[PDB]
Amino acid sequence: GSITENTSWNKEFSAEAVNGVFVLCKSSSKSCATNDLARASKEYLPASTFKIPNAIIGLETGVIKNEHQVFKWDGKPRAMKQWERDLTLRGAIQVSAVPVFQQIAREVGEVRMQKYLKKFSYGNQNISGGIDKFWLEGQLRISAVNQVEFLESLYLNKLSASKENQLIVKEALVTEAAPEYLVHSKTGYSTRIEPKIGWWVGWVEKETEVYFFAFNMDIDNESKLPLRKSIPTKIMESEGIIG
């Protein structure tokens, strides 16, 4: 496919004084557009966007039994009150329950985790830093371009995993349903390297078109987090894709 730099979205970044990048790819034309070709190829910690490949690997290895698996809370204190409950796979992904996925990673183990990230061509494929924290504070890095490539493979069932397991994760990622479109997406917030990085990645099925997207931005403080969704949402609204 192709990628082209544009300027028609810059106003959305400058209006909020944000440094960031949006990559948007139309499946049928095999064409992507981005406001910043350089930043589109810059590689950052995936943070909770890593729950996508982790969920798939968890399923593929049998660590996660199926889509009806309940991840029970043991009662031990968690970093967030909202994680302190039993969760489904979709629930754990949607609330970004890190401890659930740290346990998954541990059970997958280094050898299998490495193998699957190679198969998925996932970022720099570097799982150094501890089996349960490599995507949060370790050496793993991925770009916005690589995110959209990965997500397109998931959409097409082309990852090295069963179609059934890819379908399970795809439904777990649904975040907005409308009669005219369906959005699958995942946020991330990497706080361990400076500048902190906010992600929103996913895809939109609209009419018979499919649009893959990846957004990241420097996050000055927590009050800026909603911009991870609002900036790319405005862009996609102006493109006639959603809303």
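Just count from 1 along the sequence shown to find any residue number. Between two forms, the rigid core is defined as the largest C-alpha subset superposing within 1.5 Å.
With 29 to 37 and 60 to 68 as candidates, the stretch whose CA atoms show the greater average offset from this form in 7 other deposited structures of this protein after a core fit is 29 to 37.
Rigid core fits of the other structures in 7 other deposited structures of this protein place the C-alpha atoms of one stretch farther away on average; of 117 to 125 and 77 to 85, that stretch is 77 to 85. Remark: stretch with higher mean C-alpha B factor among 162 to 170 and 141 to 149 is 162 to 170. Across the two stretches, 62 to 70 and 210 to 218, the PDB entry reports the greater mean Cα temperature factor for 62 to 70.
Between the residues 52, 193, 201, 177, the entry's highest C-alpha temperature factor is the one at 193. Comparing the listed residues 21, 231, 17, 24, the entry records the largest Cα B-factor for 17. Ranked by Cα temperature factor within the chain, residue 242 sits in the highest third according to the deposited record. Placement of the Cα temperature factor of residue 31 within the chain: middle third of the modelled residues, per the deposited record. Among the modelled residues of its chain, residue 131 has a C-alpha B-factor that falls in the highest third, as given in the PDB entry.
In this PDB entry, the Cα temperature factor of residue 83 sits in the top third of its chain's modelled residues, the highest group. Sorting the modelled residues of the chain by their CA temperature factor places residue 113 in the middle third.
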